Amino acid sequence: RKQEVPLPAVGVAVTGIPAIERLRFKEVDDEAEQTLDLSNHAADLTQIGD
DNA sequence: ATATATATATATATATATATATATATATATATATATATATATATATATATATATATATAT
């Protein structure tokens, strides 16, 4: 009951064409900490070359 | 009448053949257990499509 009968191929679906663009890489998430710093950056005082 | 010899009833001893009882060893069948490979099923992450909810907007 696992022989293969000679019935035709009808409704032949073509899909999953392996375009190399379709691959996306793993998105490993980071959860260690947060970048809260939003200081005013007062070091911006003018000191520029002559 | 006498003297001899034999026969009948019953059991025991010895031999022959049949059959059963006992034991062992073997071959066989079988059950079973294991191992391998394969297929199948479930869980998780992500992409895709469908459906619903909410809101806007036309007509009364």
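The scheme used for residues numbers each chain from 1 in its written sequence order. That scheme is not guaranteed to match the entry numbering, and residues without coordinates are omitted from view. Chain A is the first chain written and ligand 1 is the first ligand written, with later ones labelled in order. The assembly from which these chains come is larger than what is shown, and the figures reported cover only the shown chains. The side-chain figures draw on all heavy atoms in the structure; neither hydrogens nor water molecules are used.

Method of determination, as annotated in the archive: cryo-EM, at 3.25 Å resolution.

Caption draft 1: Layout of the overall build of chain A. Each helix and strand counted, chain A has zero helices and zero strands in total. Taken over C-alpha atoms, the radius of gyration is set against a globule rule of 2.2 Å times the number of residues to the power 0.38. Here the C-alpha atoms of chain A give a radius of gyration of 31 Å, more than 25% beyond the 10 Å that 2.2 N^0.38 yields for 50 residues. Here the C-alpha coordinates of chain A stretch approximately 90 × 35 × 15 Å along the principal axes. Only the protein chains shown count as covering a residue, and every accessible area follows the Shrake-Rupley method with a 1.4 Å probe. By element, 53% of the accessible surface of chain A is carried by carbon and sulfur atoms, the whole surface being about 6400 Å². By the criteria applied, helices consist of DSSP H or I runs no shorter than four residues and strands consist of E runs no shorter than two, each listed in order from the N terminus.

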